[PDB]
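Peer 1: Pasting in a structure now, in structure tokens, and then I'll have a few things to ask.
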Amino acid sequence: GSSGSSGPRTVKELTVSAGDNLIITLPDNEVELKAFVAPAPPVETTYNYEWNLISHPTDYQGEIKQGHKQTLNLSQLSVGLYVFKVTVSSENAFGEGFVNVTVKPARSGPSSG
């Protein structure tokens, strides 16, 4: 026979956005990223922010706390590109974003001129 189930139970598509591309320059290797989910949650129901690294150079070992909070702060970062995908989903909702952060090498001295 044919036992198919469409499943009338679905989740809401939330729009997760970190903000924009961030660029740092040594020695400064620290950067803070915030997750913005719309619509915004009430005073009771709060969404969870789960950060993760999917794109990273071999030079980087990869050390992050999946930003258990809404904001993620990295350190001891070296020159290179890093992509942090924050997956924010709820009981009847699901969403995720993407933010690329580039780290410029320590350029002792000016550039222009």
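Letters for chains follow the order of the structure tokens (A, B, ...), residue numbers begin at 1 for each chain, and ligand numbers begin at 1 in the order shown.
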Give me the residues within 7 Å of residue 21 (chain A) as a PDB file with N, CA and C atoms, in the first residue's frame, counting only C-alpha atoms and dropping any in the same chain fewer than 2 places off.

Peer 2:
ATOM      1  N   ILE A  23      36.106  42.866  10.175  1.00  0.00           N
ATOM      2  CA  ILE A  23      37.519  42.778   9.831  1.00  0.00           C
ATOM      3  C   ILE A  23      38.391  43.371  10.932  1.00  0.00           C
ATOM      4  N   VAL A  99      28.166  34.735   9.308  1.00  0.00           N
ATOM      5  CA  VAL A  99      29.000  35.927   9.411  1.00  0.00           C
ATOM      6  C   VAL A  99      30.465  35.597   9.151  1.00  0.00           C
ATOM      7  N   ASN A 100      31.059  36.285   8.182  1.00  0.00           N
ATOM      8  CA  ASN A 100      32.458  36.066   7.834  1.00  0.00           C
ATOM      9  C   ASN A 100      33.353  37.115   8.486  1.00  0.00           C
ATOM     10  N   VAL A 101      34.419  36.656   9.133  1.00  0.00           N
ATOM     11  CA  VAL A 101      35.355  37.555   9.799  1.00  0.00           C
ATOM     12  C   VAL A 101      36.775  37.347   9.285  1.00  0.00           C
TER      13      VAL A 101
END

Peer 1: With only C-alpha atoms as the counted atoms, please give the residues lying no more than 12 Å from residue 62 (chain A), apart from itself and same-chain residues fewer than 4 positions off, as a PyMOL selection string.

Peer 2: chain A and resi 52-58+66+74-78+80-84

Peer 1: Atoms to include: C-alpha atoms. Write the selected residues as a tab-separated table (two decimals), in the first residue's frame.

Peer 2:
chain	number	residue	atom	x	y	z
A	52	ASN	CA	29.82	26.87	15.09
A	53	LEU	CA	32.79	27.00	12.73
A	54	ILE	CA	32.31	25.49	9.27
A	55	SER	CA	34.85	27.44	7.22
A	56	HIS	CA	38.38	27.93	8.56
A	57	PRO	CA	41.99	27.73	7.32
A	58	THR	CA	44.33	24.88	8.27
A	66	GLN	CA	29.62	27.80	20.12
A	74	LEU	CA	36.84	35.12	19.96
A	75	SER	CA	40.49	35.59	20.89
A	76	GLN	CA	44.04	34.56	19.97
A	77	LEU	CA	42.80	34.80	16.38
A	78	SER	CA	45.36	34.74	13.57
A	80	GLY	CA	42.72	34.36	8.09
A	81	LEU	CA	39.06	33.99	7.15
A	82	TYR	CA	36.53	32.54	9.60
A	83	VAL	CA	32.84	31.77	9.12
A	84	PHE	CA	30.62	31.38	12.19

Peer 1: Pick the closest to residue 96 (chain A) from A:49, A:41, A:113, A:6: which is it, counting only C-alpha atoms?

Peer 2: A:49

Peer 1: Please provide the set of residues having any atom within 10 Å of residue 47 (chain A), restricted to only C-alpha atoms, with same-chain residues fewer than 2 positions apart removed, written as a CSV table (one decimal) with N, CA and C atoms, in the first residue's frame.

Peer 2:
chain,number,residue,atom,x,y,z
A,37,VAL,N,17.6,37.7,15.6
A,37,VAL,CA,16.5,36.9,15.1
A,37,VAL,C,15.2,37.7,15.1
A,40,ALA,N,11.5,39.4,17.0
A,40,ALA,CA,12.2,39.3,18.3
A,40,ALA,C,11.3,38.5,19.3
A,41,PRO,N,11.9,37.7,20.1
A,41,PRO,CA,11.2,36.9,21.1
A,41,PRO,C,10.7,37.8,22.3
A,42,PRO,N,9.6,37.3,22.9
A,42,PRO,CA,9.0,38.0,24.0
A,42,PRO,C,9.8,38.0,25.3
A,44,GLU,N,9.3,36.1,27.8
A,44,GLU,CA,9.3,34.8,28.4
A,44,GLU,C,10.1,33.8,27.5
A,45,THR,N,9.5,33.5,26.3
A,45,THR,CA,10.1,32.6,25.3
A,45,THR,C,11.4,33.2,24.7
A,49,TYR,N,21.0,30.5,21.0
A,49,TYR,CA,22.0,30.8,20.0
A,49,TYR,C,23.2,29.8,20.0
A,50,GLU,N,23.3,29.0,18.9
A,50,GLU,CA,24.4,28.0,18.8
A,50,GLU,C,25.3,28.3,17.7
A,69,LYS,N,25.8,32.0,24.3
A,69,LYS,CA,25.0,33.2,24.5
A,69,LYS,C,24.6,33.8,23.1
A,70,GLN,N,23.9,34.9,23.1
A,70,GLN,CA,23.6,35.6,21.9
A,70,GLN,C,24.8,36.3,21.3
A,88,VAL,N,19.9,29.3,15.3
A,88,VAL,CA,18.9,29.6,16.3
A,88,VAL,C,17.5,29.0,16.0
A,89,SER,N,17.1,28.0,16.7
A,89,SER,CA,15.8,27.4,16.5
A,89,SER,C,15.0,27.2,17.8
A,90,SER,N,13.7,27.1,17.7
A,90,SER,CA,12.8,26.9,18.8
A,90,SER,C,11.9,25.7,18.7
A,91,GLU,N,11.0,25.5,19.7
A,91,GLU,CA,10.1,24.4,19.6
A,91,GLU,C,9.4,24.3,18.3
A,93,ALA,N,10.0,26.5,15.7
A,93,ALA,CA,10.7,27.5,14.8
A,93,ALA,C,12.1,27.1,14.6
A,94,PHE,N,12.7,27.6,13.5
A,94,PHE,CA,14.1,27.3,13.2
A,94,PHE,C,14.7,28.4,12.3
A,95,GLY,N,16.0,28.7,12.6
A,95,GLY,CA,16.7,29.7,11.9
A,95,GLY,C,18.2,29.7,12.1

Peer 1: May I have the residues within 7 Å of residue 79 (chain A) as a PyMOL selection string, using only C-alpha atoms and disregarding those fewer than 3 positions away in the same chain?

Peer 2: chain A and resi 103-105

Peer 1: I need the chosen residues saved as a PDB file, in the first residue's frame, with N, CA and C atoms.

Peer 2:
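Resulting contents of out_12.pdb:
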ATOM      1  N   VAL A 103      40.877  38.407   9.317  1.00  0.00           N
ATOM      2  CA  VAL A 103      41.911  38.954  10.187  1.00  0.00           C
ATOM      3  C   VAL A 103      43.132  39.389   9.385  1.00  0.00           C
ATOM      4  N   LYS A 104      43.369  40.696   9.341  1.00  0.00           N
ATOM      5  CA  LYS A 104      44.505  41.243   8.608  1.00  0.00           C
ATOM      6  C   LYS A 104      45.797  41.071   9.401  1.00  0.00           C
ATOM      7  N   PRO A 105      46.892  40.763   8.690  1.00  0.00           N
ATOM      8  CA  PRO A 105      48.208  40.568   9.306  1.00  0.00           C
ATOM      9  C   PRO A 105      48.798  41.869   9.837  1.00  0.00           C
TER      10      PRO A 105
END

Peer 1: Using only C-alpha atoms, can you tell me which of A:61, A:2, A:10, A:17 comes closest to residue 97 (chain A)?

Peer 2: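 Closest to residue 97 (chain A) of all the choices is A:17.
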
Peer 1: Name the residues of chain A that fall into strand (DSSP E) according to DSSP on the backbone, using the chain letters and numbers of this document, as a PyMOL selection string.

Peer 2: chain A and resi 12-13+15-17+22-25+31-34+36-38+53-55+71-74+80-84+87-90+93-96+99-104

Peer 1: Generate the output file for the selected residues, C-alpha atoms, as a tab-separated table (two decimals), in the first residue's frame.

Peer 2:
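To be explicit, this is the file written out as again-v4.tsv:
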chain	number	residue	atom	x	y	z
A	12	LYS	CA	8.31	28.95	11.62
A	13	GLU	CA	11.08	30.29	9.39
A	15	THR	CA	15.41	35.33	9.92
A	16	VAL	CA	18.75	35.07	11.71
A	17	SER	CA	21.37	37.73	11.00
A	22	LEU	CA	33.84	42.05	10.45
A	23	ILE	CA	37.52	42.78	9.83
A	24	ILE	CA	40.25	43.03	12.46
A	25	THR	CA	43.97	43.84	12.37
A	31	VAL	CA	36.01	40.20	17.81
A	32	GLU	CA	32.44	40.18	19.12
A	33	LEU	CA	29.49	38.93	17.08
A	34	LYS	CA	25.79	39.29	17.91
A	36	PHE	CA	19.62	39.01	15.53
A	37	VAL	CA	16.49	36.88	15.11
A	38	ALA	CA	13.27	38.37	13.74
A	53	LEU	CA	32.79	27.00	12.73
A	54	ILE	CA	32.31	25.49	9.27
A	55	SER	CA	34.85	27.44	7.22
A	71	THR	CA	27.02	37.17	21.56
A	72	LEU	CA	30.21	35.34	20.62
A	73	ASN	CA	33.69	36.67	21.42
A	74	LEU	CA	36.84	35.12	19.96
A	80	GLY	CA	42.72	34.36	8.09
A	81	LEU	CA	39.06	33.99	7.15
A	82	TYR	CA	36.53	32.54	9.60
A	83	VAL	CA	32.84	31.77	9.12
A	84	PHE	CA	30.62	31.38	12.19
A	87	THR	CA	21.84	28.17	14.44
A	88	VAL	CA	18.88	29.59	16.35
A	89	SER	CA	15.77	27.40	16.48
A	90	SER	CA	12.83	26.94	18.85
A	93	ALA	CA	10.66	27.51	14.84
A	94	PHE	CA	14.08	27.27	13.18
A	95	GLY	CA	16.65	29.72	11.85
A	96	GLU	CA	20.35	30.30	11.23
A	99	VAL	CA	29.00	35.93	9.41
A	100	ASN	CA	32.46	36.07	7.83
A	101	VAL	CA	35.35	37.56	9.80
A	102	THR	CA	38.72	38.34	8.21
A	103	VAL	CA	41.91	38.95	10.19
A	104	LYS	CA	44.50	41.24	8.61
